[PDB]
Amino acid sequence: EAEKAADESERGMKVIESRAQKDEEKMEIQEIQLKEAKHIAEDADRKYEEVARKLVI
Amino acid sequence: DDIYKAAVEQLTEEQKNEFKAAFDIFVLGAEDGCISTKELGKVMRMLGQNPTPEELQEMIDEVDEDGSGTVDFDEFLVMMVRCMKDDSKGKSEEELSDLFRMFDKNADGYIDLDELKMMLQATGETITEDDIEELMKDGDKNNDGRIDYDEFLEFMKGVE
């Protein structure tokens, strides 16, 4: 019984290992995506200030 | 004008951090040898906040007007002044008022066109399409030929 339980516990441990690795991958991908998002936001902000200036004039 | 004073005042705290951080982030070297002598655009890109374009254009043109094509410690200060708001910000409107007073030392009730004629004559700038056109347009901002105070007042303002 103990040896079978050891096999199953290692099974579960390895499954959680793999899932955590996949999650880290998705985390870094979303991280680079978020940086790109921030840059797009700043560009839009600058454009907005510019067009406001033009309209006032 | 205010250029040298703005360069001098660049010795400060916020812009010092800005210049040091910009160098540490995206002034490093180890390229393929393309010579980023035009790293001005790269710095504009990597700033994260682009200032008003007049700073960028005056820096692009007036810096190395002899064609030096190189950015020095002092030119680093110039670029960083272009980054922050080290501008003279339209100089002193008191100076504009005093200039217009000297213009109407004859007291025409306004800066006469011949004031502009003699001033351009002193400055000696070639009479281009811009010349005479600017003078008449400012004087005829009403498009009626009558030069008033606020006409040249707003014509000269916004500039350093």
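For (1) within 14 Å of another protein chain (Cβ to nearest Cβ); (2) without any contact (Cβ under 8 Å) to a residue 12 or more places away in the chain, each residue gets a yes or a no:
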| position | (1), (2) |
| --- | --- |
| B:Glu54 | yes, yes |
| B:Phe73 | no, yes |
| B:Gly90 | no, no |
| B:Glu94 | no, yes |
| B:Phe100 | no, no |
| B:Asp104 | no, yes |
| B:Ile111 | no, no |
| B:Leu116 | no, no |
| B:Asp140 | no, yes |
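Across region B:13-52, the number of residues qualifying as surrounded by fewer than 11 Cβ atoms within 10 Å (Cβ to Cβ), part of a loop (DSSP other than H, G, I, E, B) and more than 14 Å from chain A (Cβ to nearest Cβ) comes to 9.
Can you give me the number of residues within region A:7-36 that are within 14 Å of chain B (Cβ to nearest Cβ) and of a type in the set (A, V, I, L, M)? Within region A:7-36, residues that are within 14 Å of chain B (Cβ to nearest Cβ) and of a type in the set (A, V, I, L, M) number 0.
The residues listed here are B:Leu96, B:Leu11; of these, the one that is within 30 Å of A:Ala52 (Cβ to Cβ) and under 22 Å from the mean Cα position of the chain (by Cα) is B:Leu96. For region B:78-85, state whether one or more residues are out of contact with any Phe, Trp or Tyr (no Cβ under 6 Å at 6 or more places or on another chain), assigned to a loop (DSSP other than H, G, I, E, B) and touching a residue at least 40 places away in the same chain (Cβ under 8 Å). For region B:78-85, residues out of contact with any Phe, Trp or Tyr (no Cβ under 6 Å at 6 or more places or on another chain), assigned to a loop (DSSP other than H, G, I, E, B) and touching a residue at least 40 places away in the same chain (Cβ under 8 Å): present.
Of the candidates B:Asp104, B:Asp114, B:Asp98, B:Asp144, the single residue that is surrounded by 14 or more Cβ atoms within 10 Å (Cβ to Cβ) and more than 22 Å from B:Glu54 (Cα to Cα) is B:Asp104.
The residues listed here are A:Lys54, A:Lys4; of these, the one that is exposed (fewer than 10 other Cβ atoms within 10 Å of the Cβ), over 18 Å from the mean Cα position of the chain (by Cα) and within 14 Å of another protein chain (Cβ to nearest Cβ) is A:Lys54. Tell me, please, whether a residue that is exposed (fewer than 11 other Cβ atoms within 10 Å of the Cβ), over 22 Å from the mean Cα position of the chain (by Cα) and without any contact (Cβ under 8 Å) to a residue 40 or more places away in the chain can be found in region B:61-70. No. Only residues that are touching a helix residue (DSSP H, G or I) at 6+ places or on another chain (Cβ under 9 Å) and part of a helix (DSSP H, G or I) were counted in region B:128-153, giving 10. Contact map, region B:1-25: first residue within 19 Å of B:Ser88 (Cα to Cα), second residue in a helix (DSSP H, G or I) and among the β-branched types (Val, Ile, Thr), Cβ cut-off under 7 Å, separation 6 or more or different chains; pairs are B:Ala6/B:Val81; B:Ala7/B:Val78; B:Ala7/B:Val81; B:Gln10/B:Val81.
Against the definition (closer than 25 Å to B:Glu9 by Cβ and β-branched (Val, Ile, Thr)), how does B:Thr70 come out, yes or no? Yes: the conditions hold for B:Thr70.
Note that each Cβ is placed from the backbone with ideal geometry, even for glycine, and that neighbours are counted across all protein chains shown. Rule-based calculations on the coordinates, nothing more; no lab input.
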